[PDB]
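One letter stands for each residue in the lines below.
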Amino acid sequence: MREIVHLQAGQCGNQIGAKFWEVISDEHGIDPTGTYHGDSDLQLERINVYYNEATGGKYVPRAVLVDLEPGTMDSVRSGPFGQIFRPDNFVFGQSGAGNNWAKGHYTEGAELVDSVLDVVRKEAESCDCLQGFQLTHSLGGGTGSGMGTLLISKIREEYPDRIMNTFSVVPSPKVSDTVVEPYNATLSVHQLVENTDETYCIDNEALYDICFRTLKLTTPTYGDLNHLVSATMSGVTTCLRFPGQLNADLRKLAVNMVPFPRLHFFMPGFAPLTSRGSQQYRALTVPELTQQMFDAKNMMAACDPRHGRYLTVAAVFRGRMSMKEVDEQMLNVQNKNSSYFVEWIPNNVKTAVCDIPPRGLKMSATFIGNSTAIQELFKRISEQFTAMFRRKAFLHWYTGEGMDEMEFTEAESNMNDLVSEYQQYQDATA
Amino acid sequence: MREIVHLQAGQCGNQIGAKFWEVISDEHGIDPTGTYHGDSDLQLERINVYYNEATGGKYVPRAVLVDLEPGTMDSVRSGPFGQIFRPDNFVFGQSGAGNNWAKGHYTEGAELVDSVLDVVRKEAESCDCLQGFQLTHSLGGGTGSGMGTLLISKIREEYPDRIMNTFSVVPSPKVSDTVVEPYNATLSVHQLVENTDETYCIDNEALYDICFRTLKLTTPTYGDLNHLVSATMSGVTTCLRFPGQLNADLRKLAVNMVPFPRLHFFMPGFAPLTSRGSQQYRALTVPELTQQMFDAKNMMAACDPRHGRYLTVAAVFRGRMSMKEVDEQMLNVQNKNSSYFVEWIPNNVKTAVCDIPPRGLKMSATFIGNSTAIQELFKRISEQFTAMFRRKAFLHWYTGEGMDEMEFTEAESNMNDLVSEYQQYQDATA
Amino acid sequence: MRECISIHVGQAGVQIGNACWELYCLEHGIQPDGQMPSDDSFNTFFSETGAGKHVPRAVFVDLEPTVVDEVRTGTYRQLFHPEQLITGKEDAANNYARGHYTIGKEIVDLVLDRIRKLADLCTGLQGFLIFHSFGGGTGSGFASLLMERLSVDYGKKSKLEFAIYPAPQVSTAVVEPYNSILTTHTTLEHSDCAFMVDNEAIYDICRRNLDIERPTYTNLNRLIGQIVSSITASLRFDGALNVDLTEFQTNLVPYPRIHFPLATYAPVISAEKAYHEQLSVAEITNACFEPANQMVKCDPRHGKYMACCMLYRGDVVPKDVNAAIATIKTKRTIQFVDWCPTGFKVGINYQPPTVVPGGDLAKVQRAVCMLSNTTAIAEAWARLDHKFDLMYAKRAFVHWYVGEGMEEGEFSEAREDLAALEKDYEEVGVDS
Amino acid sequence: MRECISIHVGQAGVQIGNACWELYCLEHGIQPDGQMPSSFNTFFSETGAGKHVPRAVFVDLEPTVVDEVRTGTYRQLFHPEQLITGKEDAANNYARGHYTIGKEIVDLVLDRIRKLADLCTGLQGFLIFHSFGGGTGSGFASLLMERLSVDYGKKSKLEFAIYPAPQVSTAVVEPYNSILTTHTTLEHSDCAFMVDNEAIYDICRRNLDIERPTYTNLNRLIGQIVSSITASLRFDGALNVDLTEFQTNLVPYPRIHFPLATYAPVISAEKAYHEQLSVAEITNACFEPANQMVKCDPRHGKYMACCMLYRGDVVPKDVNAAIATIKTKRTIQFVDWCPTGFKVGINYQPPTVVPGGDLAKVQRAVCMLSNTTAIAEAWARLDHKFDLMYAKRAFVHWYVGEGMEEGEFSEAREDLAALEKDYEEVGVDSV
Amino acid sequence: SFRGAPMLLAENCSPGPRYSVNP
Amino acid sequence: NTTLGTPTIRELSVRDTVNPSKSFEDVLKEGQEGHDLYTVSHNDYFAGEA
Ligand SMILES: Nc1nc2c(ncn2[C@@H]2O[C@H](COP(=O)(O)OP(=O)(O)OP(=O)(O)O)[C@@H](O)[C@H]2O)c(=O)[nH]1
Ligand SMILES: Nc1nc2c(ncn2[C@@H]2O[C@H](COP(=O)(O)OP(=O)(O)OP(=O)(O)O)[C@@H](O)[C@H]2O)c(=O)[nH]1
Ligand SMILES: Nc1nc2c(ncn2[C@@H]2O[C@H](COP(=O)(O)OP(=O)(O)O)[C@@H](O)[C@H]2O)c(=O)[nH]1
Ligand SMILES: Nc1nc2c(ncn2[C@@H]2O[C@H](COP(=O)(O)OP(=O)(O)O)[C@@H](O)[C@H]2O)c(=O)[nH]1
Ligand SMILES: [Mg+2]
Ligand SMILES: [Mg+2]
């Protein structure tokens, strides 16, 4: 009908999808067993989007969990909704890539791609009308940043027309957890710009910044950061999954979000974030929802849109409001902050409304923004990559895998080509 | 009416048939004593097909247990359904063949045949209209692969028009339990091509792959080996022993599955093989069977169907189902796989439906298929069989029985002709 | 039903006979009187009588009395007829000459009449288990003359041949290679299968694994009895794949002249070592293939295998048997002949091996017996030809053999008969 | 699943392995018999009856240092075949331990490694422990790496090594063996953990307040270091870090695989419970020059890499706070071609405590693996020592009579000089 | 579709049991 | 008096797995399941029903 198959790669990707599959399961009134204990009829009308039927009142997530190290699935299997999943989709290796991109891309990936390609062929063909696939990974690992790219390269030539989204995690320069982090990312994002309909840029450090100030948790775990990220991907698809006052979906956004095919990187936002003391004294109205929405501190990307020009902005809202009160807040922000919006597109903001609020909250919103500030992310990687690459440091790890030295050169040129035309779009006269 | 006589030759045939008779007894509600404890009239409806009548409301299987060694019949007689057989159906010699094919075929087995022809004629003349003969054996034995080949030679001359099948076990190179096994097989297939309407090539290796992977069994015993055959031959005749929505019998498949008299070799299939865990995540829907119907992991032979073209395909379904989806998934599979299937025969596949489900289940299917992959079975033997024959290795056990050197060349010649014609039909233009 | 008759010859056959016939008695539960206190699994070795007494199917024939008189004065004296303990007044005294033509001929008839009546007792006869040595005069010459009269009497019946091989280094005799060389004609044309084994390799394994630093002759024979019991375990008890003698007799012998496989049994370990060692199937098949566990002092790397016979026993599953054989075949260090990529005969049984009190092996649920026919045994006969030649040049100890009554010519012809056997193995090693 | 095999070599090897397997058994709950009355698959293997055997092969050339273990409390814990002894030792002679005595037992130890490879299914690492002073622990170790490389070209082999102390020395002929072990530790290893006893003596005196330490006190710290390394493998964490991962983020060039470890906190019970303990303080203590177990100052050199491993009750927030605090310091220097030189691992379970030991029960701890250029000065001093020994040709006749050509001494000196020059090239900045 | 997965294997390797022991 | 090694008692009996003792009416009830919610969820129906 409208199905999305969820591909899960890497420990970052595996933990981000467990929390994700938790909240959507909560959204439909699904117990950890997998039956239905919800109340409203609407809680089960479009469960076919993410779930496949099973006997005895059962439903299963439409998931494919892949990780080159077998020691991560057991943590997932002992997790909250560990047994709701279909264990035939646990397709894993034995010897890990050790955060080496080429090992997961060339050496050890080639053995495990066929089995996961069978099981994505399993689920995609099982459904009737497939909207597209989704993939979750990080750009700092060896499997999600590595073999995960190979899956995209294969899946595009098989099914070209289906929408391809990845909630990729970009490594941060201020806090890094891998020395060869720029080497994999430079060789990874090159695959994204050629084969991906759209990619979402989420940085952990920006999640750390939000949890520091907006929420003020003394000890926020990696579940909380996942819980923030899990809100976004539920907020993107709530318009397609539930009836909305005005409806949209992934293709409605994606056609409206991407001016030229080389630019499909987005900064996500999610509006109602309040600390435990701030729930007491607030008035849940749509004006303050926009004020919290458009400040730069709520951003979970690592780039300030006050340093660039907003080319397009998307803001899908969840709950019942008046779109009138939605519409001037759209209009007012475009008029007041005229400089931050480009001139060759008037009406830079696109919105949608889904009637049903997120379950457990009254008002919420999600944000998809493509601004000129994303080129800040790319260039600060290049200052680290060229630092690595001038003295050929950490190069014997790659070259021993059998690939050539020119592949770094062709990737960086595509990076330098991309940011240059990205800069060129910034300085454009009407 | 339409009666069946089950020949039982060799230790492999004896244990398989012992489990086989146990299966259908539960399907027909016959206790180990020999009486009827079932409830449905359909149980006693077509009970004469397999069993014969005795006084006191007792029914007795129609089988001929043949083995050169008297030790196997003690194990069979001590089995669970052990006393239901007739003591003079047990026709056994005192010495074995020693896995020497010429000994069973010529020297010692020719002493035991005359007692065997007495009993097989006895069960033949009791029934007014016998359907056909059924024999199970291994091509790697001495009695089953040896004297058993002689048994099918004579019975064909006596009864020309009745069908006969053989659920023969075909040897495998990666796990070989006998070194003269290619010698026994090469002299056994030459008997099979001349006088056999249909053959079900069972490889023991793939079944170990079946239980380890799909079923997840730590210690699969030889009883679990015999199950998956015992469920298979039960499924072939479940249209014969019970009324069906679309009827079939052994002859309906036999005329439909043999395009030319040389090709009668088939790889079986069974749809609902699922582990204990897999019943939790499963929908008992007929699209789910079709994948388990058509997956190469499902096959019981040692030939991947991807490397050859499907000639004639057959599918019998055991259970109550709408047959719009019988011929829908039918058409979907053939259209999508138009390259693999042969082109000179459109609509390659067969259907049959039995309303009565399997005992302990709702819905079962049995696959019988003729493809070009089966030619990979025999040429593997010829690569290995030619090895010993070139140096005349293991020849004195054969030559010492009073037999020549010509038949080794003739059996290979008849073999090498069969694959060549089989390959010729692989490379054919419509 | 299957039956087997024991023709133990020599002091070695008698001593092994005391060990082995003890092993089957505890296996089946026969009391030292010969009555079961509690189906017919004993029919292969034992025979019922009028008084319900179970009689072993064996003959203990020696040519010196004192070795057998110990059996006559032992605990299990009451388990035989006072006929087949056939003795002789004067022995050959380590002479093939005396035991073939002079002293053996006085009890040819009585030995051959005895084997006739046991064969008359049995209905379905499978084969004969004959135990002797290549060293002793009674064990070599007399065992030869009985055999060549057994070939005429029973043409088809299987004649498996357990024989003791003199060790490459240690020896209890100086004239033993003279007996050994002439006996090869008996084991080449007048046999179906050979189990040549030296005492020296059995000395090594018990010390290294079983912690038997001082091996007496009883410890070696206990390992011999377990190997024999493993061969006939398929006959005595049921299994998932029972393998009779003709089943494995066919599957070791590519050419009529080449019937000399190598025996190997595993696991052989003490209780002190097995406690910290988990036991399964995958590693014990690797135990059959170590050069240090070979019952014959030889290197498997020097030769290549043409046929291998697996005899698993106990709580075993065929799946990991297939899994184990997958690992063995996927190895370059394993070498197989070009004309046999499938060289394996697997035997599966239910009942585990039994343990005798006062023994050495610990009680282990699973075990495997290996019977490997390789060309690595070719060098084993090469050293005797060198040892024979440096006595043949000096004409030493020939007056003993000539005085007893053979022409000297047959000494030379037998040497060429061994030599022809060497080149036949060399043709096997050649790969086209 | 993950598996690591310990191949303890020499007297240092057997004593360190005694310590290590002790604290491992108390970590997981294994009895001295080897049963759990009530994650273990990486270092113990199961039996049918519930017994668990360690995956270690203790091997030496002098039987006493292992027969003490044979009569020790863990006699039935270890499989007796895992204990391999030689009749005679090298007596601190590299040529003896590499070319006269070792080749007798090489076949036995390699067959044992074959047996452990058969026992294991997914093997992760070989952890070898030895010293650079002892003749057996140098030459035998060298030949076993040389063969084990061609038996498993791909498998990772971490090399824990005792480096001869800069001032104190238990032997006089130790620089020759230390010189000749370098070729093997260069061309047959993936990561090496040289450490001297003098700095651990200093740490134990200054921090843990034992005025007269023993070898057990040092070995307990080494076992704690190994436990901190392998805790990510043994149990879950927010960021589990595998050996392949932290071996990736430590080695810039194939010739440079010599990180320096560090552990914190290291303090007594009263001061431990009585001071507030936090991530900022333990991370600052990790970079103190006085807490390094290798007698060199990283302030004299430049860091190229830092592999960080927290353990216990730790939070990513204060992890990143500490990483920013450390980055904002002019005293700590970093090479130009590594603006991001950190890789942090997080593990849930706190480190355990061993009785008779020195550490307190502490809710959080930290290991550091710093790859810097400050280690090359130690090789420079040992080169000076080796030159002043080799000028007089002292003790050369021992190795010559053992049967070795003389020029490989100068060859190994040339190799060390080339390694030092490579370290200097890495130290050179392109500004 | 046609579901062809005869490829799903893990990794396991070890050298040969031929090396001498010297009795 | 004691046997050593790893005896692996059977994981499953494939009789019980694929052809269980579940009676035909119990199979019918299992197929019946939550049929109304199934028809709403994934359009899966029984035969011969509008
Ligand atoms: N393994 C083993 N070998 C034995 C045993 N007893 C004798 N032998 C071998 O037999 C050889 C000598 O032959 P014996 O069996 O002792 O005596 P014999 O066969 O009667 O021949 P004569 O001494 O001439 O009478 C010796 O070299 C031993 O190797 C035994 O108990 N175990
Ligand atoms: N840290 C530490 N070092 C040790 C220990 N035991 C020995 N060593 C070091 O090992 C060096 C000498 O080698 P040993 O370990 O005693 O024995 P070996 O390595 O087998 O060499 P040989 O003495 O020739 O047999 C000494 O200089 C010590 O520094 C120990 O328990 N802990
Ligand atoms: N947001 C988020 N990031 C995570 C989580 N777990 C790990 N990561 C990130 O993932 C990166 C390591 O990924 P890795 O496991 O090597 O990926 P793989 O090689 O594909 O398996 C680190 O930089 C972490 O920042 C999580 O739960 N949430
Ligand atoms: N599927 C199955 N195969 C068996 C069984 N018993 C034996 N076999 C196979 O049959 C072959 C040996 O047959 P064998 O006993 O020598 O037959 P015979 O000589 O005619 O009595 C072996 O390779 C086994 O794989 C059984 O119960 N089931
Ligand atoms: Mg004697
Ligand atoms: Mg020492």
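Residues numbered from 1 in each chain as written, not as in the entry; some residues may be left out. Chains lettered and ligands numbered in written order. Part of a larger assembly, values for the part shown. Heavy atoms only, no water.

As annotated in the PDB entry, chain D carries the name Tubulin alpha-3 chain and comes from Mus musculus. Here the entry title, as the record gives it, is "Cryo-EM structure of the 48-nm repeat doublet microtubule from mouse sperm". Per UniProt, chain D carries the Catalytic activity text "GTP + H2O = GDP + phosphate + H(+)". According to the UniProt record, the Sequence similarities comment for chain D is "Belongs to the tubulin family." (UniProt positions renumbered as here; feature names shortened; annotations may be inferred.)

If you look chain A up in the PDB entry, it shows as Tubulin beta-4B chain from Mus musculus. The Cofactor field of the UniProt record for chain A holds the comment "Mg(2+)". Per UniProt, the comment on chain A under Sequence similarities is "Belongs to the tubulin family."

*Asks:* Just give me the short version of the overall build of chain D, but keep the residues and values in it.
*Replies:* Secondary structure summary: chain D contains 15 helices and 12 strands in total. Taking 22 Å as the expected radius of gyration for a compact globule of 431 residues, we find that chain D reaches 21 Å, a close match to that expectation. Seen along its three principal axes, the alpha-carbon backbone of chain D occupies a region of about 65 × 60 × 45 Å. Here chain D, with 431 residues, has 62% of them falling under the buried criterion. Here chain D has roughly 16,500 Å² of accessible surface; of this, 56% comes from carbon and sulfur atoms. Of the side chains in chain D, 39 bear a positive and 54 a negative charge, and the two mean positions are spaced by 4 Å. (Helix = DSSP H or I, 4+ residues; strand = E, 2+ residues; numbered from the N terminus. Rg over C-alpha atoms; globule rule 2.2 N^0.38 Å. Buried < 20%, exposed > 50% of the residue type's maximum accessible area, 1.4 Å probe, protein only. Areas by Shrake-Rupley, 256 points an atom, 1.4 Å probe, with all protein chains shown as cover. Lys, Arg positive; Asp, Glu negative; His and termini not counted. Charge placed at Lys NZ, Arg CZ, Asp CG, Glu CD.)

*Asks:* Describe helix α4 (residues 108-121) of chain C, with residues and values.
*Replies:* Residues and elements named next belong to chain C. The terminal C-alpha atoms of α4, which comprises 14 residues, lie 21 Å apart, in line with the 20 Å expected from a rise of 1.5 Å per residue. The set of residues buried in α4 consists of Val108, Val111, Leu112, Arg114, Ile115, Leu118 and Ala119. Mapping the buried residues of α4 onto a view down its axis gives an arc of 155°, with all of them on the same face. Facing away from the buried side of α4 by over 90 degrees, the exposed positions are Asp109, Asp120 and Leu121. In this fold, the buried residues of α4 make contact with β1 (4-9), β4 (58-61), β5 (127-133) and α5 (137-153). (Expected span 1.5 Å × (residues − 1). Arc of directions from axis to C-beta. Contact = heavy atoms within 4.5 Å.)

*Asks:* Any details on the site of ligand 4? Residues and values, ideally.
*Replies:* Residue and element names in this part refer to chain B. Inspection of the region around ligand 4 gives 17 residues, with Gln11, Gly142, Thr143, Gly144 and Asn226 positioned closest. Here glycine 142 contributes a backbone N or O atom positioned 2.4 Å from an oxygen atom of ligand 4. Within the complex, the protein chains bury 91% of what would otherwise be the 590 Å² of accessible surface of ligand 4. Looking at the shell around ligand 4, the elements that each hand over two or more residues are α1 (10-28), α5 (143-158) and α8 (222-237). A total of five residues in the shell around ligand 4 trace back to one element, the largest contributor, which is α1. (Near = heavy atom within 4 Å. Polar contact = N/O pair within 3.5 Å; in protein donor to acceptor, adjacent residues only side chain to side chain.)

*Asks:* Tell me about the state of the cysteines, and name the residues and values.
*Replies:* Note: disulfide means a covalent bond formed between the sulfur atoms of two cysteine side chains. Using the criterion set out here, one finds zero disulfides over all chains in the structure. C:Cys298 carries a free sulfur, and the closest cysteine sulfur to it, the one in C:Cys308, is 12 Å from it. Relative accessible area serves as the criterion here: at 13%, C:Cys298 is assigned to the buried category. Looking at the unpaired D:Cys191, the closest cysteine sulfur is the one in D:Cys307, lying at 8.7 Å. The class for D:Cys191 is buried, based on a relative accessible area of 7%. (Disulfide = S-S within 2.5 Å.)

*Asks:* How would you explain the site of ligand 2 if you had to name every residue and give the values?
*Replies:* All names here are of chain D. Within the structure, ligand 2 sits among 17 residues, and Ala12, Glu62, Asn92, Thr170 and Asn219 are positioned closest to it. In the model, an oxygen atom of ligand 2 is placed 2.7 Å from a nitrogen or oxygen of the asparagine 92 main chain. In this structure, a nitrogen atom belonging to ligand 2 sits 3.0 Å away from a side-chain N or O atom of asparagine 219. Every element with two or more residues in the shell around ligand 2 is listed here: α1 (10-28), α5 (135-151) and α8 (215-234). In terms of residues, the shell around ligand 2 owes the most to one element, α1, which gives four residues.

*Asks:* Can you tell me about the UniProt feature "binding site: Mg(2+)" in chain D, naming the residues and giving the values?
*Replies:* Residue and element names in this part refer to chain D. Here the UniProt feature "binding site: Mg(2+)" sits at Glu62. Judged by its relative accessible area of 28%, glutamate 62 falls in the partly exposed class. Excluding its chain neighbours within four sequence positions, the residues that come into contact with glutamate 62 are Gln11, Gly86 and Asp89.

*Asks:* Could you give an account of the domain arrangement of chain A, naming the residues involved and the relevant values?
*Replies:* Residues and elements named next belong to chain A. According to the domain assignment, chain A consists of domain 1 (3-257), domain 2 (265-374) and domain 3 (375-425). Between domain 1 and domain 2, the C-alpha centre-to-centre distance is 24 Å. Facing the 40 residues of domain 1 at the interface are 33 residues of domain 2. Contact between domain 1 and domain 2 buries roughly 3,200 Å² in total, counting both sides, with carbon and sulfur atoms accounting for 68%. Among the residues of domain 1 in contact with domain 2, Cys201, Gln245 and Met257 are the three that bury the most area, contributing 20% of the side total. Put simply, domain 1 and domain 2 have one salt bridge between them. In this structure, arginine 318 and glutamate 27 form a salt bridge, with 2.9 Å as the shortest nitrogen-oxygen distance. At the boundary of domain 1 with domain 2, the tally comes to 12 residue pairs in polar contact. Where the side of domain 1 that touches domain 2 is concerned, the elements lending two or more residues are α1 (11-27), α6 (181-194), β8 (198-200), α7 (204-213), α8 (222-241) and α9 (250-257). Top element by residues in the side of domain 1 that touches domain 2 is α8. It accounts for nine residues. (Domains from an automatic or database assignment. Buried area = accessible area lost by both parts, 1.4 Å probe. Salt bridge = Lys/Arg side-chain N within 4 Å of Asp/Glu carboxyl O.)

*Asks:* Account for the packing of helix α10 (residues 286-294) of chain A against helix α11 (residues 323-336) of chain A, naming residues and giving values.
*Replies:* Residues and elements named next belong to chain A. Running from N to C, α10 and α11 cross one another at 35°; their axes reach a closest spacing of 10 Å. Like other packed secondary-structure pairs, α10 and α11 cross with a definite hand, here right-handed. In this structure, α10 contributes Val286, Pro287, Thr290, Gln291 and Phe294 to the contact, and α11 contributes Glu325, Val326, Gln329 and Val333. The residue inventory of the contact of α10 with α11, partitioned by class, reads five nonpolar, three polar and one charged. (Axes fitted to C-alpha atoms, helices over the stretch in contact; angles between N-to-C directions. Left-handed = near helix turned anticlockwise from the far one by under 90°. Nonpolar A, V, L, I, M, F, W, Y, C, P; charged D, E, K, R; others polar.)

*Asks:* Account for a nonpolar patch on the surface, naming residues and giving values.
*Replies:* Residues and elements named next belong to chain C. There is a patch of nonpolar side chains on the surface, built from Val174, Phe397 and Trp400 and spanning about 320 Å² of accessible area. Summarising the element assignment, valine 174 is placed in the loop between β6 (158-165) and α6 (176-189). Owing to a relative accessible area of 54%, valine 174 belongs among the exposed residues under this scheme. (Patch = residues over 30% accessible without salt bridge, like charges linked within 9 Å, V, L, I, M, F, W, Y side chains within 5 Å.)

*Asks:* How would you explain the sheet that holds strand β1 (residues 3-9) of chain A if you had to name every residue and give the values?
*Replies:* All names here are of chain A. Read across the sheet, 10 strands follow the order β5-β4-β1-β6-β7-β8-β9-β12-β10-β11 without closing on themselves; strand pairing throughout is mixed. The open sheet terminates on both sides in strands that have one partner only, identified here as β5 (90-92) and β11 (349-354). Looking at each pair of strands side by side, their axes are set apart by 20° on average, direction ignored. Pairing analysis gives three bridges linking strand β4 (residues 63-67) to β5, with the strands arranged parallel. If you follow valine 66 over to β5, its bridge partner there is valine 91. (Pairing = 2+ DSSP bridges.)

*Asks:* With reference to specific residues and values, describe the interface of chain A and chain D.
*Replies:* Contacts between the two partners involve 38 residues from chain A, matched on the other side by 36 residues from chain D. Carbon and sulfur atoms supply 56% of the area buried between chain A and chain D, which totals about 3,200 Å² over both sides. Linking chain A to chain D there are zero salt bridges. Taken together, the links from chain A to chain D amount to 13 residue pairs in polar contact. Of all the secondary-structure elements, those providing two or more residues to the side of chain A that touches chain D are α1, α7, α12 (374-390) and α13 (396-399) of chain A.

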